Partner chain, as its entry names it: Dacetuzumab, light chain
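Next up is one chain by itself, shown in structure tokens, the form solved without its partner chain.
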């Protein structure tokens, strides 16, 4: 049994898989090899397979801000990207955002289009950021040492120091 790699396919015998860009049309026999037929126009198959039909290419919806980076072939799917300077939300680039924001407890290090998405940092001790923002940096804690004020409430990465007398 066992069956070799990049050949795989077992069913009383060991058959060769179809090369990427080819669908499976007929199984192999004792004396005949596996029969594979190429994928049709607008269709693909990206791996050594035993698939009887090819998959359709994904479309880069202009209304989603998508633009085709690489036209799909019979072995690879269409690769999409954003308009620029729009940024992909996933590695798959299935949606675009102008830029990402930095949630409370995080501050910005800017967004300059073309790979340059917002760089966030986690607010060091003595700094805070309430609000979700794509421009706001971490702000420093009040003082409570200026007018020789108290301290009253600690001060978080999300909240500021609150002071009395």
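Numbering follows the first chain given and starts at 1.
Not pictured, yet referred to below: the form solved in complex with its partner chain.
*Asks:* Quick one: is residue 33 in contact with its partner chain in the deposited complex, heavy atoms, 4.5 Å cut-off?
*Replies:* Residue 33: yes, in contact with its partner chain in the deposited complex.
*Asks:* Can residue 103 be called a contact residue for its partner chain in the deposited complex at 4.5 Å between heavy atoms?
*Replies:* No, no contact at 4.5 Å.
*Asks:* With the partner left out here, check for me: in the deposited complex, does some heavy atom of residue 142 sit within 4.5 Å of its partner chain?
*Replies:* Residue 142: no contact with its partner chain in the deposited complex.
*Asks:* May I ask you to check whether residue 16 falls inside a 4.5 Å heavy atom distance of its partner chain in the deposited complex?
*Replies:* Judged by the heavy-atom cut-off of 4.5 Å, residue 16 is in contact with its partner chain in the deposited complex.
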